[PDB]
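So the structure is just underneath, and the comments pick up after that.
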Ligand SMILES: Cn1ncc(C(=O)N2CCC2)c1C(=O)Nc1cc2nc(-c3ccccc3)cn2cc1C#N
Ligand SMILES: [Mg+2]
Ligand SMILES: [Zn+2]
């Protein structure tokens, strides 16, 4: 109970900032997550023994893939930590509990392949889950781990609170299906601009949490340029492997996944910042003004990709 996690001075200070990188020391990531749960939620939110056992089982069920790995999970959780900490009063006790867990679990058992590839492969998961295939799997893996003996971190919650938090987690994980992001943001934009956005409306809260999940999931574009650039390498390492596997099925992959078209990556990133990232952080900043640093960092990285195209690097 009187056992706080404490980080070294540089991490203690920089972990509060949106652009924090969790670093290359894998063994410190569990402790970083617990630290964030303690400050974001409270030292009482979870039994430390159950939480630690949950974290280590989640880690074990992330795979050794270039991008959709345990580091991504903790990175996405930290961005949620920064949003929650800069929006103290806007979120319920159950939301703060569920959302850091949702982020840690949101890509559980990812193989480094898109929903499209599972469907074209005719993977069993595509028969079990026709839409948001991997995201329904991620939620299923989250429930599986929560039901392991000594892993039920929500055991103190009432039966109705337990159902509410698992519903927050399910919606939050489904929302990380980028196919659903476009429509979600359009609705939020209209609601904000016609002034009809109401944070007491549960359907509205659900939409806002969805956008937070997209924002956290894409947060590689909100880091300092060297982090953004080196993360982009891991992303394309997966995309190009999927492209190779598409070619093995006798299907020409989209250019994004074709390693023969490495040259077009800079222009591909511009499209991504303009069509997905900038719109995402703009709408998020309109709804949650203290998240503006994410939009500012995103714009800085768009400018860096423009410089790459002009051969200034
Ligand atoms: C940074 N970031 N973080 C997440 C994602 C992402 O999607 N994720 C995570 C799993 C799903 C990205 C990303 O980079 N996304 C895209 C890159 C891209 N390159 C080209 C491209 C076209 C032509 C030629 C070469 C590349 C097209 N593109 C479309 C994209 C989208 N959407
Ligand atoms: Mg995902
Ligand atoms: Zn993710």
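Our numbering is plain: 1 for the first residue shown, then up by one each step along the chain.
Placed from the backbone N, Cα and C atoms, the Cβ positions cover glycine too.
Under the three-state DSSP scheme, residue 269 (3',5'-cyclic GMP binding site) falls in the helix class. Sequence-distant neighbours of residue 269 (3',5'-cyclic GMP binding site): residues of the same chain at least 6 apart with a C-beta under 8 Å from its C-beta are 232, 305, 308. The 3',5'-cyclic GMP binding site feature in Swiss-Prot is assigned to 68, 269.
Annotation source Swiss-Prot lists active site, proton donor at 68. Cβ neighbours within 10 Å of residue 68 (3',5'-cyclic GMP binding site), excluding its own Cβ and spanning all shown chains: 23.
A simple way to gauge crowding: the CB of residue 72 (divalent metal cation 1 binding site) has 23 other CB atoms within 10 angstroms, across all the protein chains here. The divalent metal cation 1 binding site annotation in Swiss-Prot covers 72, 106, 107, 217 and is backed by experimental evidence.
Residues or ranges marked as divalent metal cation 2 binding site by Swiss-Prot on the basis of experimental evidence: 107. Annotation note: residue 107 (divalent metal cation 1 binding site) sits in a coil segment as assigned by DSSP. Neighbours of residue 107 (divalent metal cation 1 binding site), defined as other CB atoms within 10 A of its CB across all chains, total 26.
Listed in sequence order, the binding-site residues among 107, 217, 269 whose CB lies under 6 angstroms from an atom of ligand 3 come out as 107, 217. Highest Cβ count within 10 Å among the binding-site residues 106, 217: 106. Other residues of the same chain near the divalent metal cation 1 site, with their Cβ within 8 Å of the Cβ centroid of 72, 106, 107, 217, are 68, 73, 76, 103, 110, 176. Of all the binding-site residues in the list 106, 107, 217, the shortest Cα-Cα distance to residue 68 (3',5'-cyclic GMP binding site) is found for 107. For ligand 2, the neighbouring binding-site residues among 72, 107, 269 are 107, by Cβ distance under 6 Å.
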